[PDB]
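Visitor: Here it is, the structure in full.
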2 protein chains.
Amino acid sequence: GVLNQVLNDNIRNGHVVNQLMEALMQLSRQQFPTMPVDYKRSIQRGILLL
Amino acid sequence: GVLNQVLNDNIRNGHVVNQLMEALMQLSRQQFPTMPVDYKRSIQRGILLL
C-alpha cells in the first residue's frame, strides 16, 4: 500500500562490483603515455588497495 | 574616429590555447634520445602542470 524507491536487484546481489573491478583492472593494465611513471604507480597502487 | 590595435579575433576567443596544447602534448609523447631520463621527466612534469 505504500510507495517505495526500490534498488535494481543487480545491486542487492552484489554483482555491479564485478563490473567495477573489471574496469579498474583494465585501467591498471593500461599505460599512461602522456604522464610520468610515478603518477601511474600512485594510481595503480591506490587501485590495488581496493 | 580612433585608431585601434586589435587582436586576431582568434585570441579573443580562446582557441590558440588549444593549438598550444596540441603542441605540448606532441612534446609529451616524445622521448628525448639525446638526453637522460631526468631531463625528460622534468620537462614533461613542467608541461603537465599547464
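In this analysis, Cβ positions are derived from the backbone assuming ideal geometry, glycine residues included, and neighbour counts consider all displayed protein chains. Here, each number is a calculation from the coordinates, and none is a lab measurement.
Visitor: Have a look at A:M21, A:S42, B:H15 and report the one farthest towards the positive end of the charge dipole of the protein assembly as shown, computed about the Cα centre with Cβ charges (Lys/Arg +1, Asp/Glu -1).
Guide: Of A:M21, A:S42, B:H15, it is A:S42.
Visitor: Could you give the size of the charge dipole of chain A about its Cα centre, using +1 on the Cβ of each K and R and -1 on the Cβ of each D and E, expressed in debye and rounded to the nearest 20? Walk me through the intermediate numbers first.
Guide: On the way: 5 positive and 3 negative charges, 41 e Å.
Charge dipole of chain A: 200 debye, to the nearest 20.
Visitor: Could I ask something else about it? Two decimals is fine: what is log10 I(q)/I(0) at q = 0.17, 0.20, 0.31 Å⁻¹ for chain B, from a Debye sum with one equal scatterer on every Cα and no solvent?
Guide: -0.63, -0.74, -1.14
Visitor: Distances from A:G14 to the same position in the other copies: list them in nm, one decimal, shortest first, using label points 7 Å from Cα along Cα→Cβ.
Guide: Going from nearest to farthest copy, the values are 4.2 nm.
Visitor: Still on this structure, please answer the following. Average partner chain C-beta neighbours within 10 Å, per residue of A:30-39? Please list the in-between numbers first.
Guide: Numbers: counts 0, 0, 0, 3, 7, 4, 6, 2, 2, 2.
Counting other chains' Cβ atoms within 10 Å and averaging over A:30-39 gives 3.
Visitor: Shortest first and in nm to one decimal, what separations exist between B:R45 and its copies in the other chains, measuring from label points 7 Å along the Cα-to-beta-carbon line?
Guide: B:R45 label point versus its equivalents elsewhere: 1.5 nm.
Visitor: List the residue from chain A whose beta-carbon is nearest to the axis that rotates chain A onto chain B, together with that distance in whole Å.
Guide: Nearest to the symmetry axis by Cβ: A:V37, 8.
Visitor: At what distance in angstrom do the alpha carbon centres of the stretch B:30-46 and the stretch A:22-37 lie from each other?
Guide: With the stretch B:30-46 and the stretch A:22-37 each reduced to a Cα centre, they are spaced 21 Å.
Visitor: Taking a point 7 Å out from Cα toward Cβ as the label site, list the nm distances between A:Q26 and the same residue in every other copy, smallest first.
Guide: With the label placed 7 Å along Cα→Cβ, A:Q26 yields 3.0 nm.
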